[PDB]
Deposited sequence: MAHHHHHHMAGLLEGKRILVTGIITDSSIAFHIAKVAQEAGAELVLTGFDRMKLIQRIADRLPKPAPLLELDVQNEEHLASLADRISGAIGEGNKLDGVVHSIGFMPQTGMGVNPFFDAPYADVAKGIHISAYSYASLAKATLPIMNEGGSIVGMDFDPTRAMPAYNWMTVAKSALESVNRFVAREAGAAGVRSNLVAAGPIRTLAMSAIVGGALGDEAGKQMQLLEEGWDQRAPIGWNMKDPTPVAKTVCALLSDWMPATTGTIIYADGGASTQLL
């Protein structure tokens, strides 16, 4: 009798064993959920990663910049979960920003074509994914996306921070549109986790030192501490929002960051 027992959940965003989406999937399966996974581009590599999950799960290709993939997504999910079955949850764990829009590269020097690609993948696709999956979502379902607190400007995060500001805004509109079908939409703002998309912050670096400083500053501010090597608290928080225990929460951000956002040293 797990937290997500019998729920059918779409999980995007696995690329390595460090991906936040891998741990969301792992924790969700251990909580009784039946998963459908999506992967971008390197499907054979992503299947090798998914094979280390607790349980088997169908894997569908999804490039969120590809209109055909999005137009066929609901039908392909239905083939994976069985005719007449619907999804109970959707996890958006997708982000990207070209190197010109991040790290030591100057903020003013990022060409808009690069910024627009990052905003397409990191913010607009939260709406795109919701539009594609809502037709096959049960009433009372839950859509969850991954956020990194963009309330204040930060070194290195640069245009990804801008994309997250846009994502938070998109989430409020997705909440409005999904609410008619009784579906909730929320973001989890995680503290920093050692992942690929996080390594994009260090770029062509000294890389360990920057990560150590990042983790140390975050840990010091967090009243309960912060471990960049431990994605599990973040995965659990996503599962809490996918469960039935927060049924009047939508359009919001839940902070899984050790409390670091609420303190000023």
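Residues of the deposited sequence that lack C-alpha coordinates fall in the stretches 1-9, 215-217.
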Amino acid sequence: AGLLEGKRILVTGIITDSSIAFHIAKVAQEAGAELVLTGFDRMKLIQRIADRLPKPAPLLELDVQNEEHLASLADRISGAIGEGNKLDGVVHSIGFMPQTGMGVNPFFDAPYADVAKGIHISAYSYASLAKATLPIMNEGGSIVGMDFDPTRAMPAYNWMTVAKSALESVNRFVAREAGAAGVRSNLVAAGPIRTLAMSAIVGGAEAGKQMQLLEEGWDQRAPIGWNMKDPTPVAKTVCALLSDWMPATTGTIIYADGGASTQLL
From here on, numbers count along this sequence of modelled residues.
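In this entry, 187-195 has the higher mean Cα B-factor, the comparison being between 187-195 and 161-169. Checked against the record, the higher mean CA B factor of 234-242 and 213-221 lies with 213-221.
The entry assigns its greatest Cα B factor, within the set 105, 142, 85, 128, to 85.
Based on the entry's C-alpha B-factors, the most elevated value among 27, 49, 228, 64 belongs to 49.
In the deposited entry, the Cα temperature factor of residue 118 places it in the lowest third of its chain's modelled residues. In this PDB entry, residue 150 carries a Cα temperature factor that places it within the lowest third of its chain's modelled residues.
Looking at the C-alpha B-factors along this chain, the one for residue 99 belongs to the middle third. For residue 1, the recorded CA temperature factor ranks within the highest third of the chain's modelled residues. Looking at the C-alpha B-factors along this chain, the one for residue 93 belongs to the lowest third.
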